[PDB]
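Working notes, beginning with the structure itself.
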Amino acid sequence: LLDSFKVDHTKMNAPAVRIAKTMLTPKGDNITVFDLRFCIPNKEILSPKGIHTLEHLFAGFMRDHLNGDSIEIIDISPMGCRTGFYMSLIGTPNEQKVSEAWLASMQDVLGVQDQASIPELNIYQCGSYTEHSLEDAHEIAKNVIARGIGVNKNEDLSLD
Amino acid sequence: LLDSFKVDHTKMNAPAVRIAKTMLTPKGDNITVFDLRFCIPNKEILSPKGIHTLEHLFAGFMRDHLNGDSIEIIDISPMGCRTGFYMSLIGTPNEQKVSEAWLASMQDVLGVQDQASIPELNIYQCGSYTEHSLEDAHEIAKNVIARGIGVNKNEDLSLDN
Ligand code: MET
Ligand code: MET
Ligand SMILES: [Zn+2]
Ligand SMILES: [Zn+2]
């Protein structure tokens with residue numbers, strides 16, 4: 001039933017941006033959900049601590065590069081399969097705009113030099129404060145920068 | 001900066017529902033993001049495989065119980081901290097309605113008897129088809145049902161400096 005079950009994962013490129021779905025609010029406003037695929041499904045996977053550290057940094061940097069007059073990010077969360085993130089937002093930016101904000105966000109991640117520099121890693125502001133790894137996050141960022149970010153279109157991912 | 005960082009996790013009850021934020025689209029439609037907290041922060045945590053299996057089931061069951069004329073779920077995803085899920089949707093249901101749909105979804109999870117019974121767990125429909133544990137998901141569901149779903153309100157979670 002779920003939309004992610006209707007797309008062929010063996011045909012996905014990664015790192016890559018895919019518009020998962022678009023929705024219209026009652027009054028006619030647009031909501032878009034993006035599949036930010038970091039890893040090749042079933043060939044690569046992010047570590048639990050790395051994806052957690054990346055989530056903190058990424059949810060902040062993506063908002064820095066993407067929020068504006070026509071865009072308001074609703075939520076950015078890691079996928080259970082740990083091969084990427086889902087980003088939902090008010091607005092209708094295309095894959096290119098999203099991929100360029102993602103790329104700049106990876107450079108930003110690399111700019112975060114030490115874990116001790118991340119303020120919110122304590123029992124008051126984080127749910128599992130010791131479940132972190134800036135090193136894994138740095139490694140993921142460098143890998144995305146080195147591989148480049150492509151695009152996946154639902155039309156080319158049909159399942160029979 | 002992030003909203004999640006402005007609330008005191010040491011004061012949160014779990015399992016519990018919290019309205020993390022409400023937003024207005026340009027035309028004035030409502031969007032609500034819910035923090036479905038399964039675990040007491042920094043005391044309990046969900047397993048990586050268990051939260052993955054739970055994600056599949058929960059995302060489907062919550063939509064069955066909540067989607068209707070004035071509610072449309074945008075996304076339901078696990079938190080990096082593995083202590084819960086964030087659910088974003090078009091609409092304005094309150095904590096009680098969400099908690100009841102959640103509780104019902106837990107019973108639904110218990111109704112999924114064998115992992116081999118879950119269709120989408122393959123290389124075509126899932127990104128990490130082997131990273132699953134129906135056992136952990138059942139354990140999580142029973143735990144939630146046994147403990148009951150409370151409510152956390154942003155007002156009671158104020159954080160000093
Ligand atoms: C602060 S970690 C990310 C929390 C939430 N998923 C957000 O997009 O803000
Ligand atoms: C792979 S389970 C589906 C998860 C996705 N975030 C959804 O809300 O449908
Ligand atoms: Zn955290
Ligand atoms: Zn999956």
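Here, A, B, ... name the chains of the structure tokens in the order displayed, residue numbers run from 1 inside each chain, and ligands are numbered from 1 in the same displayed order.
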Ligand 3: which residues are within 10 Å, counting only C-alpha atoms and all ligand atoms, as a count of residues only? 27
Contacts to ligand 4 at 8 Å cut-off (only C-alpha atoms and all ligand atoms) as a list in words: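 So, counting only C-alpha atoms and all ligand atoms, the residues near ligand 4 are residues 79, 80 and 81 of chain A; 52, 53, 56, 120, 121, 125, 126, 127, 128 and 129 of chain B.
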For residue 65 in chain B, which of B:18, B:97, B:142, B:49 is the closest residue, counting only C-alpha atoms?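 That would be B:97, the residue with the smallest distance to residue 65 in chain B.
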Contacts of residue 13 in chain A at 8 Å (only C-alpha atoms; same-chain gap of 2+ positions) as a short mmCIF file (atom, residue, chain, number, x, y, z; two decimals) with C-alpha atoms, in the first residue's frame:
```
data_model
loop_
_atom_site.label_atom_id
_atom_site.label_comp_id
_atom_site.auth_asym_id
_atom_site.auth_seq_id
_atom_site.Cartn_x
_atom_site.Cartn_y
_atom_site.Cartn_z
CA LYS A 11 16.90 0.63 -10.33
CA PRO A 15 23.54 9.48 -3.97
CA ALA A 16 20.36 10.89 -5.53
CA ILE A 40 22.60 2.15 -3.11
CA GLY A 150 22.04 12.37 -9.21
CA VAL A 151 18.31 12.05 -9.70
CA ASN A 152 15.75 9.25 -9.72
#
```
Which protein, DNA or RNA residues have an atom within 8 Å of ligand 2, counting only C-alpha atoms and all ligand atoms, as a list in words?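 After applying the 8 Å limit, what remains is residues 2, 3, 4, 5, 79, 80, 81 and 86 of chain A; 52, 55, 56, 57, 58, 59, 60, 73, 74, 75, 76, 77, 87 and 126 of chain B.
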Run DSSP on the backbone and tell me which residues of range 19-60 of chain B come out as helix (DSSP H, G or I); list them as an MDAnalysis selection string. chainID B and resid 48:60
